[PDB]
Each structure stands twice: as C-alpha cells, then as structure tokens.
Visitor: 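Next up is a structure, given as structure tokens.
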Amino acid sequence: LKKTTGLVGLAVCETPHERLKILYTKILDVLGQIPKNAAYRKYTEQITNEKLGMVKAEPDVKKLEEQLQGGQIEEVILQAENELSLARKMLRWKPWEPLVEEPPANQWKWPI
Amino acid sequence: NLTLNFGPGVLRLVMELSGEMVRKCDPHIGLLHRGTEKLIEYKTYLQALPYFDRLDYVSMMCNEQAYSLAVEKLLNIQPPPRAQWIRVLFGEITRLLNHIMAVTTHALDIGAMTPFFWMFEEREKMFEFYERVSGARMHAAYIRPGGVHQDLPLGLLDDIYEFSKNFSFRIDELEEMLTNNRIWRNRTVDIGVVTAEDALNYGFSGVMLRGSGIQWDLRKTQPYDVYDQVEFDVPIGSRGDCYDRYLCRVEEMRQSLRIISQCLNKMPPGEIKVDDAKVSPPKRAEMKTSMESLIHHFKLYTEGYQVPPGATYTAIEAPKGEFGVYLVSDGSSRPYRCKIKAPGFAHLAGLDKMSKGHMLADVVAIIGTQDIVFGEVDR
Amino acid sequence: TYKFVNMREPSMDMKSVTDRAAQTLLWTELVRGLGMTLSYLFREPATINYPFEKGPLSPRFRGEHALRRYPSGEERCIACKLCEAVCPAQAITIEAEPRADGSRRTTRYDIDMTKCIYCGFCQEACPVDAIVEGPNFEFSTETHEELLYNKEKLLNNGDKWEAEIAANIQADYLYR
Amino acid sequence: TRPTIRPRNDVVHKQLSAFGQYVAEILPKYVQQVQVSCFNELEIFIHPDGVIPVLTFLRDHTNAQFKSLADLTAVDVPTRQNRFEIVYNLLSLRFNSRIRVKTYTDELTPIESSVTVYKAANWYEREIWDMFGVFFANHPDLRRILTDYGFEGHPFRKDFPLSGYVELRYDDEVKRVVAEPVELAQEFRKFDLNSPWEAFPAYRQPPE
Amino acid sequence: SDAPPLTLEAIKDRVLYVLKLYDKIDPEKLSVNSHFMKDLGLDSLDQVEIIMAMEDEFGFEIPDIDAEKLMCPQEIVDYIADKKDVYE
Amino acid sequence: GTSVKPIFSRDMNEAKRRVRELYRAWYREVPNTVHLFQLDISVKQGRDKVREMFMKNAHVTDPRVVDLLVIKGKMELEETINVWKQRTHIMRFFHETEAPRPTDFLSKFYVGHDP
Ligand SMILES: CCCCCCCCCCCC(=O)SCCNC(=O)CCNC(=O)[C@H](O)C(C)(C)COP(=O)(O)O
Ligand code: SF4
Ligand code: SF4
C-alpha cells in the first residue's frame with residue numbers, strides 16, 4: 001500500500017473498492033427519488049453506472065485509477081461524496097421545474 | 001483575551017489573543033486604495049496600461065502581459081513571435097525579481113537580513129536590464145497590447161546571458177544561509193499549514209496551491225504566448241507549510257533561470273509589434289513620410305483604437321499566483337469596465353484561517369509566506 | 001513535469017543518526033552559515049562613490065522634460081496637442097494661437113511634474129520631436145511650486161541639455 | 001487568416017457549447033441563457049434565485065466540479081431596470097476549464113451570499129457592497145473593506161463622480177485631519193474621443 | 001435595611017421625578033395621566049429616550065415590544081409594578 | 001402588483017421597530033464614545049447629533065430603504081464601538097472647519113452665481 005497521496009489533508013484510503021461501491025449505491029438510491037424525466041437524474045445515473053461498472057470489473061488499484069480518469073482514488077471517493085451531497089441538495093431544490101421568470105426586456109443586451 | 005490593533009507594506013491588523021495564542025486575526029485594508037478601476041474608465045486602453053505597472057509593483061512586467069493578453073483577445077489579433085519570446089523572457093526575469101523580493105523580505109522580517117543585500121545587488125542588475133530595454137527601472141510600460149514598444153538594444157542579450165550564468169551561485173549562497181538552518185526551519189516548518197481542499201475553496205493560487213501538493217500551473221495547463229515551447233519543472237510541496245513554500249519559491253527561481261536560458265538561445269528575428277497600424281502605432285520614419293502612417297499615428301495617440309464590444313476574463317501565471325483581468329468593452333476606445341483580480345486578495349482573506357492556533361510571531365511568517373503586496377490587494 | 005521539494009526520507013541507520021546527533025550538539029550548519037558570512041566579509045563591496053561615481057544609464061532613460069528646437073533656433077513644437085491628448089495623468093496643459101508672423105505656436109505649455117508619471121508617452125506621440133524626456137534626474141526641489149513647469153522653464157531645460165539630448169536621440173532613433 | 005490575426009479553436013468552441021447545453025438542460029429552473037464567445041468563453045445567464053443551487057452544482061457535479069472561484073465582481077449599467085450585474089468566474093482544475101455565471105439585481109433587492117459554496121467569496125461580496133451598494137443576505141460580516149471609515153456613497157457606480165464629494169486636509173485650529181467639499185485647482189479635462197463613422201458593422205443595432 | 005420596601009407611591013415619585021428631569025417636558029404641564037404624544041407633544045424617539053431613562057432609573061431592562069405601548073406615566077407605573085409585583 | 005422581495009422587514013412597523021432598536025443602541029453608546037475618543041463635545045450635543053442624523057431620513061416611506069439605512073447605521077455603530085474610527089472620523093459629523101453657508105437670497109446673490 002502507498003502512503004502520502006500527496007495532497008495535504010487527504011488521507012490514504014485502505015480498501016477503496018468497498019467505499020466506492022457503497023458511495024455509488026447510495027448515490028443511485030438518492031437519484032431514485034428524483035423524477036424519471038429530470039435531466040440531472042438520467043445524466044448522473046449514467047455517470048454513476050459507468051463508474052460503478054468500472055470499479056466492479058477492475059481489482060487492481062492503479063488500473064482502476066487509470067480507467068476512472070480521476071486519479072488518486074482517494075479524490076475519486078471525495079468526488080463521489082460531493083456528488084451524493086449535491087444529489088440530496090438537488091432533490092431538495094428541484095431545479096427540473098420550469099423557469100421561475102424571464103428577465104426584463106433588455107436585461108442582457110450588450111452593448112448598452 | 002486581549003485585543004491589539006497593530007496599525008501602520010502598510011497593514012492594519014486587529015487581533016484577539018488568548019494568552020500567547022492567536023484566537024482571531026482581522027486585516028483592515030484600503031490604506032492603499034486609489035480607485036484604479038474607476039480611473040481606468042476615463043482612459044484609453046494605452047492610457048490605462050501604466051496602471052498595471054503600479055498594481056503589483058514588485059513584478060511590473062507580468063501585469064503588463066496580463067493586460068495586453070486581455071486586450072489582444074478582445075481585439076482578435078496576435079503579437080509577432082519575437083514579441084512573444086521577449087515577453088516570456090522578461091516575464092521570467094520579472095519572476096526572479098519578485099521571488100528575490102519575497103524571499104529576502106520574508107527572511108528579513110524573520111530577522112535574517114544578510115541575503116536581502118546579497119540579492120538586492122542582483123535586483124539592481126535586473127533593474128538595469130529593465131532600464132536599458134525601456135528607459136525606466138521599475139514602472140516600465142514596455143509590454144503593450146500589440147507586442148512590445150521597442151526592440152532590444154544590440155548588446156542586451158549578451159549582458160543578460162552574462163548575468164544569468166552567475167545567478168545560481170547567488171541562489172546557492174541564499175540556501176546556505178537559509179534552507180538547513182535550524183532556526184529558520186523552526187520558524188517556518190509546520191507554520192500556516194493549509195489543506196488542498198481548503199486552499200481550493202478559499203481561492204488560493206500559485207505557490208499557495210503547490211505547497212499543499214496541488215499539481216497546477218497556468219503556464220503548463222493554460223499556456224499563453226510561447227510557454228508551450230519551453231521546458232521546465234513545477235516544484236511541488238508536501239506539507240503545506242511555510243518551509244515547503246519557501247523551497248518551492250527557491251526551486252522556481254532556478255526553473256526561471258532554465259527558461260531564461262531557453263529564451264536566450266531561441267530568440268527569433270522579425271518585428272516586435274503587430275503589423276497592423278490600426279492597432280499598433282507605425283514607425284517614426286513611416287509616420288514622417290507616409291500619409292496613412294501619419295493619420296494612424298494621430299488617431300492612435302488621440303482617440304486610440306476601438307475594441308469590439310465584449311467581455312473577457314484573462315489570467316496568467318503571475319509570480320504571486322493567478323493574476324487576472326475581467327475586461328468589458330462597449331465598442332469604443334475606452335474600456336467600460338476593468339476588474340482586476342489579485343491573488344493576494346484571496347491569500348489575505350485566508351490569513352485568518354491560516355493563523356489559527358499560532359503565536360503572534362507566526363503571523364509575521366504567514367504574512368511573509370502569503371507574498372502580499374498592498375497595491376494589488378487594494379487597487 | 002513536476003518536482004518534489006521536500007520528499008526525502010532520513011536514513012535510520014546508526015551512522016546517519018549519529019551524524020544528525022553530531023549536527024544537533026556541535027552546531028555544524030550554523031558554523032557553515034558563519035563561514036558563508038565570513039567569506040562575504042572578505043570580498044570587494046559593490047558600493048559606488050556617489051556623487052563622484054554614477055549608476056549606469058541608457059540613451060532610452062527618461063528624465064526631466066525638455067522642449068527642443070531646430071538648428072535655426074526656432075522651436076519644434078507646433079501646438080498639435082498630441083502629447084496633451086495622450087498624457088495618462090493629464091499633466092500637460094497647452095494653449096496656442098497664431099504668432100505675429102502667422103506661425104502655429106504655443107502660448108502656454110505647462111507640465112505638472114507632481115502629476116507626471118514619467119511614462120514617456122508624450123515624447124513618442126510627438127510628431128516633430130518637440131517634447132522629450134531628457135537625461136537629467138537630479139532636479140529635486142525645496143517647494144511644491146518650483147515643480148510646476150511653464151513653457152519658459154521647459155525651453156530653458158532644452159537649451160541647457162540639448163547636446164546630451166541630441167546625442168541620446170542619435171543613439172536610439174533607429175529603434176523608434 | 002494571416003499572421004496578424006488571432007487563430008480560432010473550433011474544438012474548444014464545440015466542447016463549451018455542448019457543456020453549456022448540458023448545464024442548461026440539467027437546471028432549466030434558473031438558466032435564462034447560454035453563450036459562447038468567439039474567443040471560446042462560456043457564460044451562463046441565470047435568475048437571481050439560482051445563485052446558490054447553480055454554483056453548488058458547478059462546484060459539486062462529477063462532470064463539472066468547478067472547485068475554484070477566480071473572481072466575483074459587479075458591473076453597473078444605469079440604463080437597465082436591474083442596475084447591477086453580478087459576475088462569477090469559476091475554474092475547474094479537473095477538466096482544465098473556465099466558466100462564467102451572470103445574474104442581476106437592483107439597488108434594493110438583496111442577493112444570496114455564496115460564502116457557503118466558496119469561502120473566497122467572503123471578501124469579494126464585501127468589496128461589491130463597498131463599491132456598488134449591493135447587499136448580500138446571510139453574509140457572515142458585511143461591511144466596507146476598501147473605502148475610508150464613514151465614507152458616503154459607492155464610488156464604482158457610474159453616477160458617482162470621479163473625484164468624489166469630499167477631500168481631506170490638516171487643520172491647525174482643530175489640530176486634526178478634516179474633510180471639506182472638493183475643490184480642484186485644475187479641473188479634470190473631459191475628452192470627447194468617440195468618433196462618428198462606426199467601427200464594427202457586425203455589432204450594428206436595428207434602427208427601431 | 002439593605003433595600004427599602006417599594007410602594008406604588010415611591011414608584012410614582014421616582015417616575016414623575018425622572019420625567020421632571022427630562023428637559024422637553026416642563027414640570028407644570030405633565031401629570032400622572034398625561035399622554036406622551038398629545039398632552040405633552042412628543043415623538044416616538046422622545047418616548048424611546050424616556051424608556052431608557054426608566055431603565056437606568058429602575059435598574060432593569062424593558063423589551064422594545066412592550067416598551068412601545070407605555071404611553072403614559074400611569075401605565076409605566078403599572079408596567080413597573082407588574083414586573084416587580086408590588087403590594088401597594 | 002408592484003411585488004418586491006424583502007430585505008428584513010415586511011411592512012413599515014417592523015422597520016420602525018428596527019429603527020428604534022438602532023436608536024437605542026446609538027443613544028447608549030454616545031457617552032462611552034465621548035469618553036473613549038477624548039472628545040471636547042458634550043454628551044448632550046452628541047445625542048443631538050444622533051437625533052439630527054436620524055431625523056435627516058424621516059421622510060422615507062419604503063421599508064426596504066428603511067432597513068438598508070438601518071444596516072448602514074449599524075455598520076457605523078460597529079465602526080464606532082470597535083474604535084476602528086479615529087477622532088477625525090467622529091468629528092466629521094460636526095463640520096467645525098466649514099464656514100457657514102447663508103441661505104437667504106441676497107447673500108447667495110452677493111457671493112456668486114451658485115443657487
Ligand atoms: C456622535 C454622533 C455620531 C452620529 C450618529 C450616527 C448616525 C446614524 C443614523 C442612521 C439612521 C437610520 O439608520 S434609520 C432612518 C429613519 N427611518 C425612517 O424615517 C422611517 C419612517 N420614519 C419614521 O418612522 C419617523 O420619522 C421617526 C422619527 C424615525 C420615528 O417616529 P415615531 O416616534 O412617530 O415612530
Ligand atoms: S511622461 Fe507621461 S505622464 Fe509625464 S507628461 Fe509625458 S505623457 Fe504625461
Ligand atoms: S510638444 Fe509635440 S506633441 Fe506636444 S503639442 Fe508640441 S508638437 Fe504637438
């Protein structure tokens with residue numbers, strides 16, 4: 001096992017496959033409560049399914065780091081945790097609803 | 001819990017301390033707020049160029065380059081290759097000047113004053129290079145939004161080469177004074193530790209990122225001019241403290257010497273400003289012989305060139321970190337808005353978190369390691 | 001590519017530990033720093049003997065402003081106000097009228113030297129090389145008022161410094 | 001295009017357009033417009049209510065993760081009913097990309113503070129409050145950061161005069177620094193530089 | 001005695017005395033039942049200053065919400081008594 | 001219609017409550033400010049200055065403007081209490097070095113063209 005991931009404050013994760021599997025399963029569980037037609041649900045489910053399939057088919061850590069294209073599996077775990085937190089907050093926010101209101105007539109006209 | 005207001009670069013610092021511990025550090029700024037961004041709205045782009053020399057005074061050349069890159073992007077033009085090579089060479093010289101200033105001052109505040117003099121001799125030599133290329137030692141206004149103002153004199157490259165082949169010994173002497181000294185390590189090691197996540201969230205940039213192990217450098221990730229044609233290494237820290245940032249800065253100076261060597265050996269021929277008289281002024285002889293050249297000289301020095309409407313955010317890897325400009329043009333020859341982004345602003349905003357649970361004397365070390373120049377912070 | 005600055009692991013064998021203990025107790029690196037300072041004491045200092053010796057300068061150096069004239073003795077300035085227009089600090093004030101012989105000449109040409117940033121934009125905007133930034137930098141003053149130059153002061157500066165100014169222009173004009 | 005013209009980059013243009021469409025699809029509740037400039041810069045115009053969500057998304061989404069806040073500032077456009085436009089510049093190190101998020105407000109409508117998303121915003125919003133008078137709700141401590149203590153007004157507003165309204169001197173009678181209405185020995189010279197004969201036909205406006 | 005017994009009479013004397021100290025109400029025109037806004041002609045800020053005078057005379061704190069409804073010396077005395085639960 | 005987002009207060013009553021709270025805080029602070037900054041003014045005239053500054057804005061009928069003014073006044077009080085201001089900043093409220101400007105028509109006609 002390696003030591004000192006190289007990022008200050010990022011601990012070396014022993015047994016990262018189980019942690020990644022748990023995090024992705026929780027993410028999918030949260031995404032299941034978002035309406036089926038919402039773009040965020042479909043996009044995040046696709047990304048999470050790809051990542052989960054890639055961690056399930058690769059036992060070697062370094063090969064997993066190369067396949068995931070995030071590198072340093074600890075920060076992949078960190079990004080999964082961030083995605084879970086965002087998924088919960090987005091289920092609260094419901095941003096798939098129609099636009100709140102249009103801007104005034106020339107709000108974004110440039111020049112002048 | 002006692003409260004002290006360390007008043008009047010120039011900095012006011014209101015602290016609450018519980019005994020020796022620093023419980024709260026609150027910087028009050030604006031003692032050098034001159035309203036640069038409002039004043040820029042009353043100038044043409046050429047007239048606004050010299051403010052960037054005064055923004056971060058320690059490294060004048062880099063600010064010129066950032067402003068010129070923003071204006072060039074808005075103008076949809078590009079500078080000639082020789083201008084780009086000169087820009088990168090003088091940017092690396094500028095980096096050496098800033099690094100010497102940051103390192104010596106940090107040491108001087110820490111109580112070691114010898115290398116300040118030792119390396120300010122070299123700073124004087126680099127000021128000589130500035131003056132020979134532009135006529136001014138420090139407020140140069142050399143790098144313009146069309147290239148550079150003037151070509152190098154016929155003997156400048158040789159003198160730069162002579163200077164640069166002796167500087168590594170000066171860096172070695174500075175290290176002999178500092179790197180392995182136990183007092184210096186006790187003053188710097190494990191002081192102001194910042195995690196990678198906190199550094200990213202607090203808006204840090206430059207060495208303030210790379211000391212925590214973040215592999216990021218704008219000259220590598222988002223190259224401008226010819227930085228993709230030069231080879232160098234990015235020093236990376238491992239503990240996120242003052243000592244690692246000092247090592248990174250020292251290493252960076254050596255890398256800058258490497259880049260300067262490459263720039264010297266690969267300087268190309270050709271013109272120094274874009275061959276477009278509606279942007280860059282013509283030569284004096286052309287202005288005094290050709291009707292179009294005289295008209296374009298007159299208009300470029302009275303009205304200035306019009307910049308097509310639009311907004312850009314242009315950032316460069318400055319000596320102190322990411323230095324950026326958000327420039328909004330309304331189509332006329334005067335910028336509508338010019339927001340200046342300074343790395344030291346975010347670094348000083350993070351000083352409060354960085355100094356938690358430290359001595360009062362550690363605050364000085366943390367301020368020194370943040371590389372804070374007041375003019376850029378206040379603008 | 002990237003480099004590690006502080007990624008070395010100390011050896012833990014007895015000889016290396018004893019070396020580190022000897023450094024800790026006998027103060028070896030402090031003696032090394034003392035030796036560096038001692039070596040610096042015995043080399044020649046870099047100080048020059050001002051005002052008998054002066055720092056190096058360039059023909060491009062910008063100093064005190066001057067108004068030049070033609071060899072016939074008539075002033076070069078024809079009151080186009082390009083220097084006034086380009087001045088980033090608004091430090092130039094110009095007023096002009098036809099002369100007694102119909103020539104286009106200035107009646108007022110003031111430079112506020114306490115507003116000037118010495119950028120040299122005026123001398124490059126000038127179409128006739130009338131306003132220049134001459135080589136003099138030793139013109140400090142006891143009052144604020146004497147730094148508000150009128151046309152007479154600038155013409156006197158030109159007549160005073162013309163030899164050196166013309167030599168510098170001859171040296172540098174092929175770069176402009 | 002010859003050597004004096006800046007070269008184009010269609011690959012980055014396509015990538016930024018696709019990601020802008022992606023972001024607009026994911027958050028239709030707040031995204032009002034998406035634009036990519038000819039020099040490959042992506043901006044997203046949103047409703048003021050979506051400052052906290054959108055930023056959070058752009059910080060935390062696996063495909064976006066814009067973890068750095070480069071700059072936050074305001075622009076004053078007096079002709080608009082909503083006077084101020086708030087600009088966020090975000091940087092993603094994972095994908096080596098930059099994004100800009102724009103919203104709007106007027107003199108009296110508060111904008112949600114984003115210190116919970118980015119700590120770096122803490123001072124930036126303060127500066128905005130100092131220079132434009134835009135109030136940020138739920139800011140940890142909102143106060144002036146750049147102007148003098150007791151300074152009246154917000155200088156970066158377009159209608160604020162360049163030299164201000166008061167100036168400082170030392171008075172011997174009261175033995176202290178005092179502030180008096182501004183009086184210039186030489187008034188700033190206003191230059192009318194804009195020429196007729198428009199420069200850029202591609203930005204011409206309809207004559208209405 | 002460390003603290004004298006407090007009665008409605010003593011509270012009233014203290015209240016009308018500190019009103020007499022207030023320089024915008026002349027002594028001869030005020031009374032126990034005199035309204036602040038009309039019989040004496042005072043604005044809300046005058047009433048707020050009177051409430052602070054009450055606070056620093058009786059040595060306790062009066063919240064704004066119930067301090068805003070004390071419009072007479074009589075109801076001020078009633079509020080003080082109710083907060084203190086006096087007998088007479 | 002004319003529906004707008006609030007800042008702090010929904011109607012004028014909450015705004016006046018906030019105004020009264022700020023006024024109480026300033027009134028309490030005045031004597032300590034007088035003593036700490038070694039001011040030569042009296043507490044009475046300092047409180048008169050506070051009253052005058054409050055009365056300058058007495059014509060506002062918009063709750064958003066009212067609580068924005070309350071926010072600014074609270075910022076000013078914060079600056080005063082924490083001694084971030086100096087004596088000059090506090091004394092700037094009194095304009096002691098400015099010669100008085102007459103208001104009548106004849107004096108203005110005599111001094112110049114300014115109405
Ligand atoms: C040493 C001195 C230093 C200077 C002091 C600092 C100055 C800070 C001043 C800031 C003022 C504000 O924030 S608050 C601005 C005042 N607010 C309003 O005027 C809203 C509606 N008007 C009213 O309510 C009445 O005019 C009113 C008389 C207020 C009450 O009357 P009642 O009684 O009928 O209720
Ligand atoms: S040097 Fe620059 S600032 Fe000075 S007078 Fe000439 S143009 Fe103006
Ligand atoms: S000094 Fe030169 S630029 Fe200035 S008004 Fe005279 S001729 Fe024109």
Side-chain angles (χ1 to χ4, degrees), chain B residues 43-44 46-51 54 114 118 121 124 128 131-137 139 141 149-153 173 176-178 180-183 210-211 215 217 220 231-239 243-244 247-248 250-251 255 281 283-285 287-288 294 297-298 301-304, chain C residues 1-8 23-24 27-30 32-37 39-40 45-48 55-63 80-90 117-129 133 135 137 168-169 171-176:
Chain B
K43 321 281 180 186
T44 68
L46 177 61
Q47 278 184 322
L49 166 83
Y51 279 115
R54 280 84 172 169
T114 296
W118 290 0
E121 187 48 38
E124 177 92 26
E128 270 172 54
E131 192 274 316
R132 283 171 63 186
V133 87
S134 84
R137 280 151 58 87
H139 279 336
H149 178 50
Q150 271 185 281
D151 216 332
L152 320 167
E173 293 166 1
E176 280 273 20
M177 287 313 272
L178 281 194
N180 280 326
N181 188 265
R182 88 186 58 191
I183 311 172
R210 299 189 282 270
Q215 317 190 356
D217 194 300
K220 296 284 192 180
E231 301 143 278
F232 64 105
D233 303 312
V234 171
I236 302 291
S238 300
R239 319 234 307 140
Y243 190 64
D244 275 17
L247 293 174
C248 282
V250 171
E251 187 46 28
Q255 297 303 315
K283 279 166 207 225
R284 312 273 299 175
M287 173 258 294
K288 295 182 191 188
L294 183 66
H297 173 99
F298 188 107
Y301 278 108
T302 53
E303 176 180 0
Chain C
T1 62
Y2 69 103
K3 260 162 59 142
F4 285 123
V5 292
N6 210 23
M7 256 301 107
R8 291 288 178 87
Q23 177 192 132
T24 296
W27 311 337
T28 295
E29 97 274 13
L30 309 161
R32 270 258 287 239
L34 278 180
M36 182 89 255
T37 278
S39 83
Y40 250 92
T47 309
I48 72 178
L57 284 181
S58 189
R60 299 183 187 180
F61 175 85
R62 12 175 161 141
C80 75
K81 296 158 138 83
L82 262 56
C83 59
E84 189 184 8
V86 80
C87 188
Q90 293 215 340
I117 73 172
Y118 302 83
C119 63
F121 284 10
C122 47
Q123 77 175 343
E124 74 204 17
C126 192
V128 297
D129 308 6
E133 208 157 0
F137 59 93
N168 279 340
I169 292 182
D172 199 58
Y173 88 104
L174 283 191
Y175 296 98
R176 293 167 180 183

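Naming convention: chains lettered A, B, ... in sequence-line order (proteins, then strands); numbering from 1 in each chain. Note that these values count all heavy atoms, side chains included, but never hydrogens, waters or copies made by symmetry.
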Visitor: Do you know which of B/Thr114, B/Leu178, B/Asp244, B/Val250 has the most heavy-atom pairs with chain C at a distance under 4.5 angstrom?
Guide: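 Top option by heavy-atom pairs under 4.5 Å: B/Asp244.
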Visitor: If you tally heavy-atom pairs under 4.5 Å against chain C, which of B/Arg210, B/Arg137, B/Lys288 wins?
Guide: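 Option with the top pair count is B/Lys288.
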Visitor: If you count heavy-atom pairs within less than 4.5 Å of chain B, which of C/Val86, C/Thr1, C/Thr37 leads?
Guide: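 Looking at each of C/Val86, C/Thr1, C/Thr37 in turn, C/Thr1 comes out on top.
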Visitor: Cation-pi between C/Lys3 and B/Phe232: NZ/CZ under 6.0 Å from ring centre and within 45° of the ring axis?
Guide: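 No; the conditions do not both hold, so C/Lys3 does not lie above the ring face of B/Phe232.
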Visitor: In terms of side-chain heavy atoms, does B/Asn180 have a donor or acceptor partner in C/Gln23 at a distance below 3.5 Å?
Guide: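 B/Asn180 vs C/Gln23: no donor-acceptor pair found between side chains.
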Visitor: Atom CG of C/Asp172 and atom CZ of C/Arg176: how far apart are they, to the nearest 0.5 Å?
Guide: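 Rounded to the nearest 0.5 Å, the CG-CZ separation comes out at 4.5 Å.
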Visitor: Identify which part of C/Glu124 has an atom lying under 4.5 Å from any heavy atom of chain B, answering side chain, backbone, both or neither.
Guide: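 Backbone plus side chain of C/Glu124, per the 4.5 Å heavy-atom cut-off to chain B.
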Visitor: Just so I understand: if I count every heavy-atom pair under 4.5 Å between each of B/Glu303, B/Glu121, B/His297, B/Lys43 and chain C, which residue has the most?
Guide: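 Top option by heavy-atom pairs under 4.5 Å: B/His297.
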Visitor: Not counting sequence neighbours, which residues clear side-chain hydrogen bond (donor to acceptor under 3.5 Å, both in side chains) with B/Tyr301? List them please.
Guide: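 Residues passing side-chain hydrogen bond (donor to acceptor under 3.5 Å, both in side chains) with B/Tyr301: none at all.
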Visitor: Which atoms form the tightest heavy-atom contact between C/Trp27 and C/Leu30, and what is the distance?
Guide: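 Reported closest heavy-atom pair: CB-CD1, 3.6 Å.
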Visitor: Is the NZ or CZ atom of C/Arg60 both under 6.0 Å from the centre of the six-membered ring of C/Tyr175 and within 45° of that ring's axis?
Guide: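 Ring-cation test returns yes.
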Visitor: Pick one of side chain, backbone, both or neither for B/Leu46, based on which atoms fall under 4.5 Å of a heavy atom in chain C.
Guide: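 Contact with chain C involves both backbone and side-chain atoms of B/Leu46.
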Visitor: Side chain from CB out, backbone as N, CA, C, O: work out which of these in B/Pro153 comes under 4.5 Å of a heavy atom of chain C, or both, or neither.
Guide: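 B/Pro153 touches chain C through backbone and side-chain heavy atoms alike.
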Visitor: If you take all heavy atoms of B/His139 and B/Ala136, which pair is closest and at what distance?
Guide: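 Residues B/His139 and B/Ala136, closest heavy atoms: O-CB, 3.5 Å.
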Visitor: Measuring heavy-atom distances to chain B, does C/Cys122 have an atom under 4.5 Å in its side chain, in its backbone, in both, or in neither?
Guide: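 Nothing of C/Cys122, per the 4.5 Å heavy-atom cut-off to chain B.
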Visitor: So do B/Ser134 and C/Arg62 actually touch side chain to side chain, heavy atoms under 4.5 Å?
Guide: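 The answer is yes; the side chains approach within 4.5 Å.
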Visitor: Under the side-chain hydrogen bond (donor to acceptor under 3.5 Å, both in side chains) test, which residues partner C/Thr47, sequence neighbours left out?
Guide: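 Counting only residues at least two positions away or on another chain, C/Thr47 forms no side-chain hydrogen bond (donor to acceptor under 3.5 Å, both in side chains).
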Visitor: Answer with side chain, backbone, both or neither: which region of C/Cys80 has an atom nearer than 4.5 Å to a non-hydrogen atom of chain B?
Guide: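 Nothing of C/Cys80, per the 4.5 Å heavy-atom cut-off to chain B.
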Visitor: Between C/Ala85, C/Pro56, C/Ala125, C/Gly33, which has the largest tally of heavy atom pairs under 4.5 Å with chain B?
Guide: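 Of the options given, most contacts go to C/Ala125.
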Visitor: Does any heavy atom of chain B fall under 4.5 Å from the side chain of C/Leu57, the backbone, both, or neither of them?
Guide: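 It is both, since atoms from each part get that close.
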Visitor: Using non-hydrogen atoms only, which part of B/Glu124 is less than 4.5 Å away from chain C: side chain, backbone, both, or neither?
Guide: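 Nothing of B/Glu124, per the 4.5 Å heavy-atom cut-off to chain C.
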Visitor: In Å and rounded to the nearest 0.5 Å, what is the CD to CG distance from B/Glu251 to B/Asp233?
Guide: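 Atom-to-atom, B/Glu251:CD and B/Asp233:CG are 7.5 Å apart.
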Visitor: Quick one: which of B/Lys220, B/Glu231, B/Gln215, B/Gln255 has the most heavy-atom pairs under 4.5 Å with chain C, could you say?
Guide: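 It is B/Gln215.
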Visitor: Please classify the contact of C/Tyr40 with chain B as side chain, backbone, both or neither, using a heavy-atom distance under 4.5 Å.
Guide: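 Interface part for C/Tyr40: side chain.
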Visitor: Could you tell me which portion of B/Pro50 (side chain, backbone, both or neither) has an atom closer than 4.5 angstrom to a non-hydrogen atom of chain C?
Guide: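 Looking at B/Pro50, just its side chain touches chain C.
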Visitor: Between C/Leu174, C/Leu34, C/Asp129, which has the largest tally of heavy atom pairs under 4.5 Å with chain B?
Guide: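 Of the options given, most contacts go to C/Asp129.
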